[PDB]
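One chain comes next, on its own, written as structure tokens: the form deposited in one PDB entry.
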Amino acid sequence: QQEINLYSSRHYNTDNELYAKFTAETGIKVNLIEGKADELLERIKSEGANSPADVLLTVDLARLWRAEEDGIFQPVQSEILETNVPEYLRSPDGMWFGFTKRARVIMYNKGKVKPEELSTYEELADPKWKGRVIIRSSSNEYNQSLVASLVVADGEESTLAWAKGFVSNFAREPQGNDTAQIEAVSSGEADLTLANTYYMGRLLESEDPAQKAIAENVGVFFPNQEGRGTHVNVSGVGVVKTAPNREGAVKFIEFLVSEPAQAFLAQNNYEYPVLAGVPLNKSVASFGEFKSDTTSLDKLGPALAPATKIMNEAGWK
């Protein structure tokens, strides 16, 4: 009918094609405003009631929770959203909804580690992994959310003990992003790390043989399968309280979690769809099926604070 103003901190070269499909089926133009997560959040708060923002699209529970607490979102009730998105992947009060799922798993050098040697996140604190593990900085959202999940499942005391052991096992000081960790593991600089599955998908699906060769030496292991499951996080979306086009905003979110959009995202961005039954990208499917921790993501929100305090006390740079 009219248009919506999308504030997104997620920039993918394929997003334009995705948004074009939404416009084709609804007749609603999408105005894209990009920027850093913290930048967009602050911009909305300052623009006030005159803010044109209809939808806020960001990544990781850490970002979504912060916006939810700041009262940036408005509750949304939709049969399609409640049916397509598992309850644990969306705000219990309908403030935000995940539309992609990413898993933070163990990636190991196939030449130095056997899957039989792996089991849970907690076991990585064991001295047998001393000097054999690497991971990015504790200031990264992915790691914060991961530690928050341990706080919730294991408690603060137990998580602090784990963190101290885990950090003492580091082969080197945290440096580089997830992809850097994967490269170092592939080369043999370290035996294992923790990274998001889609990064491996990008390498395996690369048109460059050299980049693909990097992934070929790294195995993917989903931890805690006999227990609570693998830690998962999401890319999420929510309708801004002051949205000038609430109706269009809701339609956009329903679009993102529908078959067409879900299949596109899984196939082109190598992430897991939230909608059950949607086919995965070939390479991602090759990792195998796994059990996801179904703990309500919103529950990890309040555990983010103690998680950061634990990482600092453990000496996780």
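Under this definition, the rigid core comprises the largest set of C-alpha atoms superposing within 1.5 Å between the forms. Numbers follow the displayed sequence, beginning with 1.
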- Query: Which of the two stretches, 160-168 or 215-223, shows the higher mean Cα temperature factor in the record?
  - Reply: 215-223
- Note on the structure: The stretch whose C-alpha atoms carry the larger average B-factor in the entry, 143-151 or 87-95, is 87-95
- Which is it among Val30, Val274, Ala263, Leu40: the one with the largest CA B-factor in the entry? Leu40
- Task: Check the PDB entry and point out which of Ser8, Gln2, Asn5, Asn312 has the largest C-alpha temperature factor.
- Result: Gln2
- Ranked C-alpha temperature factor of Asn196 among modelled chain residues, by third: lowest
- How does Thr14 rank on Cα B-factor within its chain, lowest, middle or highest third? highest
- Item | Chain-relative CA temperature factor third for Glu173 | highest
- Entry-reported C-alpha B-factor of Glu259 relative to its chain, by third, is middle
- Using the B-factor values recorded in the entry, state whether the Cα atom of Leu64 falls in the lowest, middle or highest third among the modelled residues of its chain. middle
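What follows is about the form deposited in another entry, which we do not show.
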- Query: If you fit the rigid core between the shown form and the other one, which of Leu146, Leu203, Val218, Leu81 ends up with a C-alpha shift of 2 Å or more?
  - Reply: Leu81
- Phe255 C-alpha relocation of at least 2 Å between the shown form and the other one, rigid core basis: yes
- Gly288 C-alpha shift between the shown form and the other one of 2 Å or more, rigid core reference: no
- Message: Rigid core superposed, CA of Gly188 - does it shift 2 Å or more between the shown form and the other one?
- Response: no
